[PDB]
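Just the one chain here, laid out as structure tokens, in the form deposited in one PDB entry.
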């Protein structure tokens, strides 16, 4: 069949253009750089007593705001106790949610190739309210510890109801004892206009 050396370059330029549109090419309404985390969020656990060794004077602790942050190097996730937890996000716009993305650090950059602190089963809720009127289940999915670090999850047959407040509820993790860790959560959709 056969590809030409210039078709090759156009394939590369195209792939790098996409790679550089936040990788997946979809607007993120949960990106803190636009708008952000409430804190009807789970407690928050430090994934380490290398601390005991111990509080470096410049050191702090990942707030849940970290999940709305694109920085995803091995340090940078938000951890909560056990395999169940939640974060509530106030989006930068009122949108009709069509998808979400979750990512975790690559297996390659992890001790022993284990991402056992990775979220597994999770769900998304719409809170029609700028408040806590018990949320509407938007969808339920499973973060796959194989498959790629970045996974996008599209709502099966969503209404065109709009929300500006959603919940990330995690239900199971990939088996880690103490804690689960969230690197970055994103929300995609169609703006109320």
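Residue numbers count along the first chain shown, from 1. For clarity, a rigid core is taken as the largest C-alpha set superposing within 1.5 Å between two forms.
According to the record, 4 to 9 deposited residues between residue 52 and residue 53 are left without atomic coordinates.
The deposited model assigns a higher average Cα B-factor to 173-181 than to the other stretch when 18-26 and 173-181 are compared. Remark: stretch with higher mean C-alpha B factor among 138-146 and 54-62 is 54-62. Within the group 46, 33, 152, 164, the record's highest C-alpha temperature factor is found at 46. Annotation for residue 76: CA B-factor lies in the middle third of the chain's modelled residues. Among the modelled residues of the chain, residue 158 sits in the highest third by CA temperature factor in this PDB entry. In the PDB entry, a CA B factor belonging to the middle third of its chain's modelled residues is recorded for residue 168. In the deposited entry, the Cα temperature factor of residue 110 sits in the middle third of values across the chain's modelled residues.
Keep in mind that the form deposited in another entry is missing from the display, and what follows is about it.
Of the residues 162, 37, 69, 145, just one CA atom moves 2 angstroms or more between the shown form and the other one under rigid-core superposition; it belongs to 37.
In the core-superposed comparison between the shown form and the other one, the C-alpha atom of residue 47 has shifted by at least 2 angstroms. In that other deposited form, the Cα atoms of residue 44 and residue 169 sit 3 Å or more nearer to each other than they do here.
Between this form and the other one, the CA-CA gap for residue 43 and residue 140 narrows by 3 Å or more, being smaller in that other deposited form.
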